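We call the chains A, B, C, D and E, going by the order they appear; numbering starts again at 1 in every chain.
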Amino acid sequence: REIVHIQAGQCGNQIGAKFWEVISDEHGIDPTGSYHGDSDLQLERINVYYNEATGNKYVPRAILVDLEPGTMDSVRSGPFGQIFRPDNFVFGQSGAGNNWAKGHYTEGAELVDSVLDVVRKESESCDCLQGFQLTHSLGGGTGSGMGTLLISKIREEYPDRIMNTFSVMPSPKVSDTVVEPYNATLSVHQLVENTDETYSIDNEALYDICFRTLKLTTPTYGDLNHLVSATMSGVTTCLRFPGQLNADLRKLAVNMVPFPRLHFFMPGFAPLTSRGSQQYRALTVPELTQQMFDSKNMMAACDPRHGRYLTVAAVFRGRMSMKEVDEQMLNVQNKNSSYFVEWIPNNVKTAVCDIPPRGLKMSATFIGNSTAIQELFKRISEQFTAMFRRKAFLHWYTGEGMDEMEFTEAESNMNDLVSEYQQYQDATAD
Amino acid sequence: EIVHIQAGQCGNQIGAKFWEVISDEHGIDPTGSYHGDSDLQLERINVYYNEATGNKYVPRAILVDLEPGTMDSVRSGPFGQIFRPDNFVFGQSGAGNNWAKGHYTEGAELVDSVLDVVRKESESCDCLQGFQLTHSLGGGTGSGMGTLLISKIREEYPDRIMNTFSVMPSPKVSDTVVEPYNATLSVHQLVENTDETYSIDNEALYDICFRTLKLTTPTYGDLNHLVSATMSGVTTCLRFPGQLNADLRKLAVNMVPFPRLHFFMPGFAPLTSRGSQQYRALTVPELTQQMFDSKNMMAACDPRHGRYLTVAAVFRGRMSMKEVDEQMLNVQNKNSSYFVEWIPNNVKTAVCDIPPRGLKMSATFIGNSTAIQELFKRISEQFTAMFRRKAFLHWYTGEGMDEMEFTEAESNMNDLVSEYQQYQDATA
Amino acid sequence: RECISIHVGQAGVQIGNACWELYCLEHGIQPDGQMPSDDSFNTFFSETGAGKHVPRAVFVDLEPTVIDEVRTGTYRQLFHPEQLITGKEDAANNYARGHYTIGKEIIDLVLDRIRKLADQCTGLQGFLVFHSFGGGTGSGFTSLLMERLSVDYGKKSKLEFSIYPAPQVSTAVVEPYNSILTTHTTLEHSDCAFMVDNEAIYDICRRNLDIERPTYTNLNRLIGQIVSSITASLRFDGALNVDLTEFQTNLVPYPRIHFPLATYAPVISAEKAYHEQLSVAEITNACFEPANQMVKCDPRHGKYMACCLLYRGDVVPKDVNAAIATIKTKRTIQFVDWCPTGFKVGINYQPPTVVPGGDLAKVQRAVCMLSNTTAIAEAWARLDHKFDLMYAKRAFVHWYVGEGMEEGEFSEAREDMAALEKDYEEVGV
Amino acid sequence: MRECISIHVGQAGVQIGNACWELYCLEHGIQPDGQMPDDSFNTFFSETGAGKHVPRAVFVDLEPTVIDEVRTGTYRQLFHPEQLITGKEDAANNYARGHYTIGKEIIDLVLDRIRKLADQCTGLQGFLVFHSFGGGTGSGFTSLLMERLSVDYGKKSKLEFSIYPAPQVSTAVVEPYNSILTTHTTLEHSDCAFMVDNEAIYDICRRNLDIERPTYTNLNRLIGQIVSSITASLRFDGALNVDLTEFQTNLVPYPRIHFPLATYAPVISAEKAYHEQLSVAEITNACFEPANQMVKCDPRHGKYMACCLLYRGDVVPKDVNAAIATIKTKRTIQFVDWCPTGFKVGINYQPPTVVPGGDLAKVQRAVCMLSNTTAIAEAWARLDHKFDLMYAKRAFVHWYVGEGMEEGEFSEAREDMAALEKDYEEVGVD
Amino acid sequence: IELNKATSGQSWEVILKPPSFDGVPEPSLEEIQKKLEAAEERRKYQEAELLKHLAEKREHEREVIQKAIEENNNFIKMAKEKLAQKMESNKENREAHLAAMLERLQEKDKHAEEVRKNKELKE
């Protein structure tokens, strides 16, 4: 019934801030922190991500963490900025400098205990703490390093709580930090080990969407971050907004996760939109259903048709015919039957929210456990194994403490996950 | 003097019907006061009724049930006021169509308590004849507790005679799957404990109501109307003064030739309808041959399948013993193969010059026929169906019993049929 | 000269009621005991201090009803409360119950009322025992009584008045069992036993008396008339049969054959137009036709060994011997080798008394006959086969063995009941 | 006297109970205050000094939501705050949580309200356990409580109303695990269980109440109608007949063979108008169409070991016998050799009372036919297969195992089913 | 021929053909009671033997109502004892999982130290 939020590094805070902007508006809250919405369903499950305060005011339950005032300050002098409790901002001046070892081991650890002090506070003032939510860059230092350092330390203190992450996978198409596959692979190692579920926001898909579809020639971060938040409101829809269910991170986890290592989701959303552009021609029900099982709409650059879905959860928003939905939902699975594991009876589940997102009359989210997600991990292993072969940029890590075998440790652990994903892709009933 | 216990749903409704028919014959109006015309009634009124002095009358009736329901029906019933309040002995946990509940666990809890009423009610009598138990053989209170109560009484009053009006079950009337289990278990206890037992087959009562009485929907009231007739019919000799002059033990001595062979086939003529219409009387020959014919038996057997060991017959109403005796000698001469030649004068007649209520003639029959083994094979067979596969046994084994009691109770009834046979074939 | 009339069981008890009814009528005794204006009547009446003549009779039953019907009747005053002994439950058609069960209980007390009835005697001859045969009481107790009476009154007489059973009369299915076990036990004891075949009395109350369904009363009205005709000489100052030991000699030559066949005339009704009354020649011929016989067994085919013609009233010896000469003329009438072909005739000149307001007719003349005939074996053989059928298959036996008897007692009784029938052969040669 | 307590186990269990209890208040003209403007209904309710008729029932759930809906709902005063038990932490659609982890933290309190309800019982007949088959609470908690009453109340009558999973009506991939897990653990501790296959409930509304999208209520209002017809014979002493426990004697041949099949009739929507009405002979034959069944199975193929007709309203033996007459010629009603070919018939006075603002219309003469057919083992077969499929791969299993549960409990619980499956085989042998 | 004469009676023999053959021939109280006391012995014993077979039955019922009393109690043992095992095995089990996961984490927290050590060793 209560989710504690943590944003890490640049991306972490960048995506977190937008999520908070999106969901405050979605809940009818102003930058100051005072309610104004008409429907009292906005206040229904507000207790989840928000704190009740003096003057009946609301404050997001989130810990702002980074090893540089940079983004930290951009957030404060941003739209909602004042809405956050400034005591939660745990900001060093070190700068992990897109180095996992600086975040996870050295420069991060010093701040980690200060961070926890705040988490232990936010966890305390809770009727029932559900679990934690992390938004972080898998290629940076603070996000991927200190972020996963934070997970492991939170995981010690509260093993009984759901660990959920929004892990944004790097792309050579979006960054020239050559070491990124090093920080990526090391972070995946931690994720496969200490998080209940992870939504794989891949910077490759985010770009190609913003480029090939949204047609924005030189996509800005704002252009990407917007899609991130579109899926983040979507995934968290029934966690926040009321409905038939019930509305638990754990219930979702138990239903969505058949095997414990395999918990990386392929987020998808329809309709795709250009940041801050007024919509006109609305979508039909089969458009949303078709345009949701489209590789074209997946936040992680992998082809759902290349693999097989183990579990799928599709959240449609805004008032529409459930019969039209159920009719279509069943067309899709009964036609594309090859891409659904026969050994997981009734693998597709659909939720409908009457409350839609701002500027949309109809939206639809997709969460999927398709084995196809290996295409993501594979991509990174090659990127890593290319440089590691040649011990490239490695001294940045060794001189930060870090051992050499720890790299080969994470590389082969990643290679296990790949094979593990294929094992079940192949696997049949007979 | 006589003590009358009524056990279970069946036995109580059965019992209250006897107690109302005989109270009409004795002028004991629902309240408890003699109003009858002739004092011929009053003569042998001490057999069934006591005095409140008064000069009110109380039946020598003990009421038993392991649940209130039926006790209250009697209370609410017309002739219910006449019963001694301190005589209704009932539990709350229904025994629910389980012989093992009524006979063991549940019964035991009310037995001692009931026995006290019989201890007391037996004190009031100068010299008691014995006991009368009316009950169902497929139930639990009646079927199990009644047989329990019998064994208890036999122990307490060994010299006293055990007479029962035991109603045999049937699938034509009652859907309770378990019935052949209770029946067998209870038959086994009667074979060894009662002195005379009146076999009332429900198969036959339903068949009479149906084929013969043309009643499309036979209700218990109709099936029970037939029983009250056959009760007041066989108890004409105990309640009515004449050249008989008999008792429970005299009847038993004369009817029962071998111990275990003591189950009787009640008969009645005419088979009247519950209500309509009473018009047109019967001749003597009509009344005799009807009564001897299988279509008039309360037990479902064929007298022509066996051989009668002994026969008893109480003709009521104004007639002539010449006419009557002339037909009895006619029958025995005509159907000579079905009367055991090795028991001289094996048929007894009795004529009472009092007819029952409404009808101006009656002819109640009792026959110790070897043919009754048919009624026992009928049950023993029904039992085995379930038994070979041990179906519905769990309800009984749960009560504390063992399969051995079922094996024994059947084997004992199989030995009875084996015995009833021995004599059916036997000749001088 | 005194005489104790014992009545065991319902038949004998009911029969005793009709006996003393006629006795008190014939002697003018009122149902209270007094008799206003030969003295031999006293042979049966013990006069009290209050001038009343209480009978020398002890009534016995194992259930109350019947003796309780005496303390109801007008003749309730006639007897003391001690002489009417009643139990609570009868020997329910069971000999073994009457004998070993309820018997053992009531014996001593029954013998006491006899002792104290006999503690009034200047010369008690014997006892006149009255009973049934097929009754639980009129077989079980009676036979037990004769047993102890024989020890307690050795050398004193016993005159059995037994009622042989019949199907046309209220009979029971066990009757032939009781009938044999009794006779076996009441044989070495009885000195003379008068059988009354209920079969004959039945139709005699019909063919001659016009009553189709005769009541026990009507049946007994006749029995008492024949019973009183036997006792006439004992109750009066008569010549023939002046004592109990007279029949025992005059009729019983061979001891086990102590069953004389009785005969009675004139069997006559009242609700019929009056005419000329029967003569000595009329009744004597009627005395020899089995259409008036007591026990149904062919005299015409069966050797005699005795005969006594006991007349009553308006008779004269010449006409008696004139009516005797008539029969020897055409009828040869058989007799055993060792026996004289002749009868001891007796006339008690007293008037034949009938019940006032009865079905019987007031006749000035009457007769009776005491005749020991081998034909009386035809009566036993009837009862012997009835016993024979049931005992083979052991039908009803369990009731008897349940009352303390032994299974052997049936064979023992049937061996003796067969022995007796060989004695009817050994005699009727 | 003849008292009986009803125990409701989360969501399905609670919601169903409310439909039951509201209908009961209507049946015995009771007002939602406990007050009311025959005494046989006191076997379910209990009168206090003020003349308040509180039900002999317990509402239990591991989380608050559903029981809170009752605590504020249209009948808030009809119960005790003590007799309405709740947790906070849900069973997360996991049996292992429902049974162990979360369950243990309430059981003791729960059993106490049962004991306090048990005290006011002059002569307790037994218990009625309304639970889900696939719910974390409905499965885990129920079995724990059922095991605990077989201890506390020893060999006392434990009756059940199980809610068989249907994909059409919600579900969650794991449900068949929770289904088979509870089926197993409850078996020894049950007396007689009434299954309700949610698809057959769905199918009926769709077909007769003409509801294209059946709401939970729509189903429950219907379910409560069938359940009430079963318990009619307890809260009503109608001379006519009405006699449960007597039915149970024919219904339960052997102890493991305790699943009667309900075939309710007539389900008619308030729209028909001049349809008035069905004859006894019509509704009798209605019970023989597999379209009216509570659990989807085929007893035309299946053998029989009991048939019990529970009539209610305008019923006269004449035509019931005439009805039973015709059916007895229809050569599809084939019984076993060891079993008689009879029908235990019970009739009630009080006809079915209908809910204000309902879907169904006031029927003059209703029935429900309980029967012991081997065709029920199809429900087991249906469930066992889906189980096998996921178990084969040990899919989701880790969530159970993670809450304590040994890997063997699943196999044990499956062989037990396989045995019961084979037991219905064996029994059907002639 | 003549026999006797009296007040209210008279008698005389009346011969016809005399006998062809001049010749003719061709109880204790103790042993009554001895038979009666043997008879009662019988009656009293078989009725006393009956009372033994009835007392035999009274014991079966005494054992049967007892089997049922134990049958439920032995069952409550099994039910209570199983539940006790299950909650324990589970308490044991769930706790070994939780303990081993924090041990893995603590070991992974150990590595961190020897790394900041390998950084200072390099420095």
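Heads up, the rule we're going with is that a residue touches a chain if its C-beta (ideal position, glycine included) is under 8 Å from a C-beta of that chain, and two chains touch if they have at least 3 such contacts.
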{"item": "Chain D-chain E separation of Cα centroids, rounded to whole Å", "value": "40"}
{"item": "Gap in Å, rounded to a whole number, between the CA centres of chain D and chain A", "value": "43"}
{"item": "Topology of the chain contact graph, where touching chains are joined (line, ring, star, complete, other)", "value": "other"}
{"item": "Interchain pairs in contact, sorted by label", "value": "A-D, A-E, B-C, B-D, B-E, C-E, D-E"}
{"item": "For the chain E and chain D complex, residues of the former touching the latter", "value": "72-73, 75-76, 79-80, 82-83, 86-87, 89-91, 93-94, 97"}
{"item": "Chain A residues touching chain D - in the complex, by the definition given at the top", "value": "1, 127-128, 244, 246, 248, 250-251, 253-255, 257-260, 311, 322-323, 342-347, 349, 424, 427, 429"}
{"item": "Interface residues, chain B side, partner chain D - complex", "value": "92-93, 96-97, 171, 175-178, 216-217, 219, 382, 385-386, 388-389, 391-392, 394-395, 398"}
{"item": "Partner chain B, residues of chain D touching it in the complex", "value": "1, 122-123, 155, 245-246, 249-250, 252-255, 306, 317-318, 321, 337-340, 342-345"}
{"item": "Of all residues in chain E, those that touch chain B in their complex", "value": "47, 50-51, 54-55, 57-58, 61, 64-69, 71"}
